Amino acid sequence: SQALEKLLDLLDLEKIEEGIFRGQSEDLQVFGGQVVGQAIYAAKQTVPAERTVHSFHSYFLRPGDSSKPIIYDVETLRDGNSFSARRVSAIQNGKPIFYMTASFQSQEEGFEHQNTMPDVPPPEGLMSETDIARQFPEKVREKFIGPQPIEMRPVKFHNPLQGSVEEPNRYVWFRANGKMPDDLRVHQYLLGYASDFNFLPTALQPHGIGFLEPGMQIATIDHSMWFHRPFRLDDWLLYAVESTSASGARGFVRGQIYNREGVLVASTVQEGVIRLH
């Protein structure tokens, strides 16, 4: 719960003025997920309280410096009858490191359908990523050993230091380490953050290269997400990820996030650079 509380406090941004916020970093380059979560927070502050995020698109232009604050500038694009759109610019040292555009909608009942949650083993029968990691050794990028803000339980373990040729699919159960506030928006920031884990490295699976192995350049180029339905992150959710394609030194992943009842919560898409040097 301390890990979780630290993260939540980090995604609760400092207000500088209307649509100008300042966020601190985890410190331990900055994690894509932190920027995403903070960007969502920033944009949501500028939108009517009722209109909650339903989608965003982002490009990652530069690494963030984890030792320095990030400013989030929020541009008002349009407030229509239903939709409010915003562009978040994340700025450090006078340069943009990341842009997000996001769209918020007034709740309303409408047409309802969804695909099916893939058939996988429940989380009660799986080890956590931090338990499996102990065995491995390490670089000193050790977000694998400490207590984590989010518990990850993979259906199949993928050693970041040693790949094995595998199908380009990954399934991971996950959940906030602590009880969350009763406030959908905070669950949304956290989910955006969480959605950048166990994602892009899926594209390496057929090639049998672990994402931390020496000389492997892996970096996110873009990250987009769609919040289909409400959810809570203090109960188990499943991230189903496939990499439908790699080419041109790039790797492409799509994800779908389901609650334990099988409800389709969110969908994600990301392309990154995947280059063995």
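Start at 1 and count along the sequence shown; that's the residue number.
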Taking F136 and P137 as adjacent modelled residues, how many residues of the deposited sequence between them have no coordinates (none, 1 to 3, 4 to 9, 10 or more)? 4 to 9
Sequence continuity check, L28 and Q29 (deposited residues unmodelled): 1 to 3
Between 2 to 10 and 267 to 275, point out the one with the higher average CA B-factor as the PDB entry records it. 2 to 10
If you take the mean CA temperature factor per stretch, which one wins between 209 to 217 and 223 to 231? 209 to 217
Criterion, highest CA B-factor; candidates, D182, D196, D73, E151: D182
Note to self: of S106, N115, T101, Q92, the C-alpha temperature factor tops out at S106
Sorting the chain's CA B-factors, does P48 end up in the lowest, middle or highest third? middle
Modelled-residue ranking by C-alpha temperature factor, third containing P122: highest
Just say lowest, middle or highest third for the CA B-factor of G178 relative to the other modelled residues in its chain. highest
By the recorded C-alpha temperature factor, relative to the other modelled residues in its chain, which third is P96 in? lowest
Third assignment of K143 from its chain's C-alpha B-factors: highest
